[PDB]
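To keep things clear, I will list the structure first and then write my remarks on it.
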Amino acid sequence: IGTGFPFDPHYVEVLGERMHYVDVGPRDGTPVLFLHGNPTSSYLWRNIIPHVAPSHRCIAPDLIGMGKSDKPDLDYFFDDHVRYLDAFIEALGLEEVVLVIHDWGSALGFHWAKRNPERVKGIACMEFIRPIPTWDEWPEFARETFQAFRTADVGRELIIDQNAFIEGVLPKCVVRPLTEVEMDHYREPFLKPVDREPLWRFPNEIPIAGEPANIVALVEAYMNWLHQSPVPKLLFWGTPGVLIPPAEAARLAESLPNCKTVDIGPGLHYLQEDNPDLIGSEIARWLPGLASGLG
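Under the deposited numbering, the first residue of the sequence shown carries the number 15, and numbering increases by one thereafter.
In structure tokens:
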């Protein structure tokens with residue numbers, strides 16, 4: 015698995031801040047928009063993009079406050095990310111797009127799709143954000159850790175002071191061992207502890223057991239849309255997984271219209287680090303069928 019990031023940097027000014035993004039492949043045609051989550055960046059898609067670039071334009075932005083994008087003094091609530099991504103998409107003048115999303119990138123993607131259904135040609139997703147009814151449904155090996163992340167004071171000490179999301183969660187959620195260089199790529203954006211704010215707000219935004227109410231409502235809303243939408247969907251899942259265990263993927267294969275599922279083998283949360291080749295090749299084979307004749 016490649017550890018390099020052979021993509022030229024591209025920047026665009028959005029809401030008074032500069033956002034970094036990968037932009038490769040053809041200059042025209044339907045763009046494939048890759049959205050990462052916590053605590054990653056476009057680096058997460060480095061080994062998947064090469065499978066798609068030969069046939070489609072690939073755009074992979076670093077969310078505000080992450081990767082190589084600027085890091086303004088925000089509280090980084092989900093809403094801040096929504097505003098910046100909305101502006102990012104309009105800044106690049108994107109019309110219709112195909113979404114490839116993960117984790118908080120999936121919450122952003124699904125939310126954008128719900129609000130702009132006529133502009134979403136297809137959605138490839140994996141380990142995405144959905145309402146978690148109870149802590150019972152959160153994987154045991156990571157249960158107390160996320161409960162701690164959402165506990166006053168304790169959570170910030172772990173994530174901000176100790177950088178536990180980068181040093182602990184990330185590596186512990188890839189089946190194969192991440193190498194030193196890969197970890198250093200992920201560590202780079204957060205060498206200043208204060209910049210770890212988004213890494214802490216994210217876990218506190220996850221809809222678990224009905225909290226936080228505002229995010230729960232927003233997520234329930236896009237899931238309601240997703241279940242009723244005829245848009246082509248491609249869901250990658252692994253075993254045992256985290257947010258989308260095998261049993262959940264099997265349920266979604268039925269409850270999500272026009273849905274195709276792909277078993278990537280062993281995987282926890284950052285599936286892209288365990289089987290990027292299958293994810294990339296399957297997306298590439300899936301894209302052509304999203305078209306409806308010449309146009």
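Think of the CB as a built atom: it goes at the ideal place given N, C-alpha and C, for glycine as much as any other residue.
What would DSSP say about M140, mapped onto helix, strand or coil? Under the three-state reduction of DSSP, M140 is assigned to strand.
Give me, in chain order, the residues of the same chain whose beta-carbon lies closer than 8 Å to that of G294; leave out the 5 immediate sequence neighbours on both sides. A distance below 8 Å between beta-carbons, with the five flanking residues on each side excluded, links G294 to the following residues of its chain, in chain order: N61, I62, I63, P64, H65, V66.
Measure from the alpha carbon of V96 to the alpha carbon of each residue in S69, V28, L192, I73, then state which is nearest. Out of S69, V28, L192, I73, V28 has the C-alpha closest to the C-alpha of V96.
Give me the Cα-Cα distance between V276 and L248, rounded to the nearest whole angstrom. About 7 Å.
Proximity of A138 and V111 at Cβ, strictly below 7 Å: Contact annotation: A138 and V111 have beta-carbon atoms that are not nearer than 7 Å.
Using DSSP with H/G/I as helix, E/B as strand and the rest coil, what is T159? Three-state result, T159: helix.
Can you tell me the Cα-Cα spacing of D89 and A235, whole angstroms? Looking at the two C-alpha atoms, the distance is approximately 23 Å.
Is it buried or exposed, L270, if we count other Cβ atoms within 10 angstroms and call 16 or more buried? A residue is called buried once 16 or more other Cβ atoms fall within 10 Å of its Cβ, and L270 is buried on that count.
Look at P203 and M33 and say whether their C-beta atoms are less than 7 Å apart. No; because the gap between Cβ atoms is not below 7 Å, this pair is not in contact.
Let me confirm a value: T54 is counted as buried when at least 16 other C-beta atoms fall within 10 Å, else exposed. Which label applies? Looking at its Cβ environment, which holds 16 or more other Cβ atoms inside 10 Å, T54 is buried.
Looking only at C-alpha atoms, which of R133, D117, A127, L172 sits nearest to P145? Ranking the options by Cα distance to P145, first place goes to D117.
By DSSP, does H116 sit in helix, in strand, or in coil? Strand, per DSSP.
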